[PDB]
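One structure below.
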Amino acid sequence: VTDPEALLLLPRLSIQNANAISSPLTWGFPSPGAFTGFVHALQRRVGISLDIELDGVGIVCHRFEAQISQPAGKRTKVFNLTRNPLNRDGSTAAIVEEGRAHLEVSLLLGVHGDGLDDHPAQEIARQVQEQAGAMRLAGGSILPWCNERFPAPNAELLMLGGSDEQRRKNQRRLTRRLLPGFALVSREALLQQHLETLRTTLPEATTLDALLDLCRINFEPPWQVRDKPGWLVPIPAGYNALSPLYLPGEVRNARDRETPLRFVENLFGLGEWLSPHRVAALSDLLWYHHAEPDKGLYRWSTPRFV
Amino acid sequence: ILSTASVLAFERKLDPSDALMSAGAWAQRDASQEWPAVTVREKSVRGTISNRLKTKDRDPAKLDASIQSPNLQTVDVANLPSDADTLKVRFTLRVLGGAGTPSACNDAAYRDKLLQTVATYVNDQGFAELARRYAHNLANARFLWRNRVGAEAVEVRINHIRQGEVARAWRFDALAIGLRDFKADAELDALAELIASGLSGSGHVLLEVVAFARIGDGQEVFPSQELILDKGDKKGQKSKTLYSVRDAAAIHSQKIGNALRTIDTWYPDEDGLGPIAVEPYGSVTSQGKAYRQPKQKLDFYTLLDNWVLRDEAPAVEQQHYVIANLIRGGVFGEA
Amino acid sequence: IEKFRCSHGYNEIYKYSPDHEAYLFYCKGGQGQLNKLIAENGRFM
Amino acid sequence: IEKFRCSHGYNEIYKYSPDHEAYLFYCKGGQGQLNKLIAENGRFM
RNA sequence: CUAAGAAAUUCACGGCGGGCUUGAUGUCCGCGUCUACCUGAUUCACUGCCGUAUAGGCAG
């Protein structure tokens, strides 16, 4: 969509029990839809008051730790669960496996609007930080950095630079700040061209199979592993329609009766974990919302990446 | 007619973090920011059979053949160092606020009726009985679950954290504040007004809770234990796994939350237990028995329906319990 | 010599290992998981 | 030029190194470990 | 307005029994490391005198 007028940096945010179950096919880091919905919840809660439009999100993930455990004698992993309460008779309830993970991410969220000129930059930065302190990011509480050495503050970098050199200079200053992490971007063109080459190899190939080929460490005979460009992962890239769009007060047991509902299903794209100084433009690497509601296809990606 | 909403969901207010445990010596507790962490390590246990036998394993030949084959595990154990007698358990707690507003509600008529009922309660009697009990469960170190039962002296330090620095510091003797009497004190009531202003306001109030306990040199501490199904197949594995965030033993946040919610002294069965955790159909996991059964009119759901739908306001203790469930959270709703 | 031993109060299934002469921890569960494991693997080694 | 050399009475496997022109001590073992290492790495460098 | 919203794994435990790793062995020939520099930037905030003084001055 539209380009950001400024680039706010929420600092290293600790999330204690995020949803490690991203999707029915992927586990690990939470879905980027969690971060885009979080930024839209931030806009819904302070962006209408500071007259700004917080839009887009850059995911950095300084550290990650899934609450998993590899069982004895297996190559796979399982999830450490919680003990839910008993039922009304004292019987143990049926265990529903939820993944939990401890994250330390920082969010490069793009901000544009008329509120940039009305308030100081540090003022709106402190406002959205004090709002995000009372929120949750993927089902996990945001730990607010109390009584450590020093709180990591904000810096709203203005994307409009007086030069190209000043723009690259404070961009390099920001990239040094979010440097111990690993930026997550949407790489769907590489998945599409990998589909084309794999279809050239053997026809009627799905890009589900191209995704699966880009995930696995496949071996080749002369033995040599297939090289992979970068840290290629599968991500859930939004939802696809399974149902016609129902009326607000038509579907039974919705969340609300003023919003149209539609039964949907995940869409598994591809993402790439790269170091944040590779991109040379932090105006990119932001995850936006692309609905196109008449067709379905509610999805998120990083447009203007390459 | 004002029927019950089909999707009800309240977010968890009183959100704690994972209680990191570290260890050092008492009477240098004020320099306890570089105390080394209590680490979870492995040890082999070997036991004889001590369970009850099922009356077909009571043949003395079968018993003597059984006790010649012991049963070997490798448990996780967390001990203090041999030159450190104090366990420092340190977690943070966000008191969020907006305690009555549901995160999801279907019927807007039911939503406004619930907001009117909650505001009727708050304007009538604010969060002053509830936050007093939450300040008690922060004050006595009940979140020290088994690390409290044999301690010589437990001291809890609670620091209100403003934008980057401490705004107000408390200090309690957690053994004097009992585990069953919600009495009155000046500092406890100051903490109660702080948690009340947290739960009533729009923004969050953040507290840092530190608890020290003199256990003894090298004694065993009890971090949270992990619930893992599928322990493994056809090998030897661990029977007991302890929680540890980053090579540092820890209590789960939901165990700290269950300790903080242990305020319910109003369940109709006698208080041989004392306070229990605030839950709909209030069910103690260790007891295995669910008090506040729906057979009596004293669980959460029927009290909420009588309070909101047909305006049958219950006793002040029971509506304390109902608003304590609303602070607790939950996912409610029928088909 | 029994292949599985349920520790009854503690909800643990111990499977006999032949290398060392002892039982080792197999999985959690009670009498139902014990009987199901007996049906799958057969008792008495 | 052979990649492995078993010293037969002394139960030592010597693997050829190319930097210095000599064999160096690889591991212990006899003809079976030598044949297994030949099957894994291939002889004749 | 975040595969949203919720959650106590836990009580007990004896891993010890015992033991010979050994014989043998040539690392070794050969070699050019040179070239050229401001440690000084106030870089020694010193010693003492008058004064009751630490207040304030003075001398070199």
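All of this is worked out from the model, or read from it or from the source named; none is laboratory data. Here the Cβ is made from the backbone with ideal geometry for all residues, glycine too, and neighbour counts use every protein chain on show.
What the table shows:
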read-out	value
Matching option when the condition is near RNA strand E (Cβ under 10 Å from one of its atoms), of a type in the set (G, A, S) and not assigned by CATH to the domain that holds B:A196, among B:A108, B:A119, B:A104	B:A104
Boolean, B:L20 is surrounded by fewer than 17 Cβ atoms within 10 Å (Cβ to Cβ) and either hydrophobic (A, V, I, L, M, F, W, C) or assigned to a loop (DSSP other than H, G, I, E, B) (or both)	no
Residue check, B:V210 over 17 Å from the mean Cα position of the chain (by Cα) and more than 14 Å from RNA strand E (Cβ to nearest atom)	no
The listed residue being of a type in the set (D, E, K, R), part of a loop (DSSP other than H, G, I, E, B) and within 17 Å of B:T4 (Cβ to Cβ), out of B:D311, B:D269, B:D305	B:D311
Top-ranked residue in segment B:1-39 [being away from RNA strand E (no atom under 13 Å from the Cβ) and in contact with a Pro (Cβ under 7 Å, 6 or more places away or on another chain); ranked as nearest to B:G203 (Cα to Cα)]	B:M21
Yes/no for B:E279 being in a loop (DSSP other than H, G, I, E, B), out of contact with any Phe, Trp or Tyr (no Cβ under 6 Å at 6 or more places or on another chain) and surrounded by 20 or more Cβ atoms within 10 Å (Cβ to Cβ)	yes
Output for segment B:61-86, where each listed residue is out of contact with any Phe, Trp or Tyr (no Cβ under 7 Å at 6 or more places or on another chain) and more than 14 Å from RNA strand E (Cβ to nearest atom)	B:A61, B:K62, B:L63, B:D64, B:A65, B:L80, B:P81, B:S82, B:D83, B:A84
A:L81 within 15 Å of RNA strand E (Cβ to nearest atom) and away from chain B (no Cβ under 14 Å)	no
Output for segment C:1-42, where each listed residue is among the aromatic types (F, W, Y) and facing chain B (nearest Cβ under 9 Å)	C:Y10, C:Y14, C:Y16, C:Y23, C:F25, C:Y26
Enumeration of residues in segment B:28-74 that are more than 9 Å from chain C (Cβ to nearest Cβ) and of a type in the set (A, V, I, L, M)	B:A31, B:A37, B:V38, B:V40, B:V45, B:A61, B:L63, B:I67
Those residues of segment B:106-150 which are under 25 Å from B:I276 (Cα atoms), outside any loop (DSSP other than H, G, I, E, B) and among the hydrophobic types (A, V, I, L, M, F, W, C), in sequence order	B:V118, B:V122, B:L130, B:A131, B:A135, B:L138, B:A139
Among (1) away from chain A (no Cβ under 14 Å); (2) closer than 21 Å to A:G133 by Cβ; (3) in contact with a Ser or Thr (Cβ under 7 Å, 6 or more places away or on another chain), the one test that B:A196 misses	(3)
Inter-residue pairs, beta-carbon under 7 Å, first closer than 18 Å to A:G58 by Cα and in segment A:92-106, second charged (D, E, K, R) and surrounded by 12 or more Cβ atoms within 10 Å (Cβ to Cβ), 6+ apart	A:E104/A:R12; A:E104/A:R63; A:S106/A:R12
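One line per residue, one yes/no per condition, for (1) surrounded by fewer than 19 Cβ atoms within 10 Å (Cβ to Cβ); (2) of a type outside the set (A, V, I, L, M, F, W, C):
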{"residue": "B:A211", "(1), (2)": "no, no"}
{"residue": "B:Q219", "(1), (2)": "yes, yes"}
{"residue": "B:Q225", "(1), (2)": "yes, yes"}
{"residue": "B:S239", "(1), (2)": "no, yes"}
{"residue": "B:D247", "(1), (2)": "yes, yes"}
{"residue": "B:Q254", "(1), (2)": "yes, yes"}
{"residue": "B:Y267", "(1), (2)": "no, yes"}
